[PDB]
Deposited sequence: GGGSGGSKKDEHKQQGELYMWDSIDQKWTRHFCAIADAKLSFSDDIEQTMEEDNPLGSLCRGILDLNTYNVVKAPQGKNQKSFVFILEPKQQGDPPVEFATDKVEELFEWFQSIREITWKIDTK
């Protein structure tokens, strides 16, 4: 179904980082950092670091981006913190946004 790489935004480090993400039923999983698991003199790296429960979120698209990405959407909690995602290409933002928006309506 819906799966693919996304940038995720770290409030603390003020950086974006790449994660393989996926959706099943109504839970979004994101992997560990891809660049950092790949620099690892080790191999480690989990596909599923963790899991968001889309049922407890609403998708919001940033009108004009955020933090120097153009295509960003945000999972704003209904109950938890926001999770901010981003794509390289608007056609990804669109697909991602709709998957989750169909799930949250």
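- Residues 1 to 12, 92 to 93, 120 to 124 of the deposited sequence, counted from 1, carry no C-alpha coordinates in the model.
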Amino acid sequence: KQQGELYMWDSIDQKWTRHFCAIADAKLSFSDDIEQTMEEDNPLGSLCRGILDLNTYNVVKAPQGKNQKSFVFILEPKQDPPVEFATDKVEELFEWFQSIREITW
From here on, numbers count along this sequence of modelled residues.
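- Set 80 to 88 against 16 to 24 and average the Cα temperature factors; 80 to 88 ends up higher.
- The mean Cα B-factor in the deposited entry runs higher for 34 to 42 than for the other of 34 to 42 and 58 to 66.
- In the deposited entry, the Cα temperature factor of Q3 sits in the middle third of values across the chain's modelled residues.
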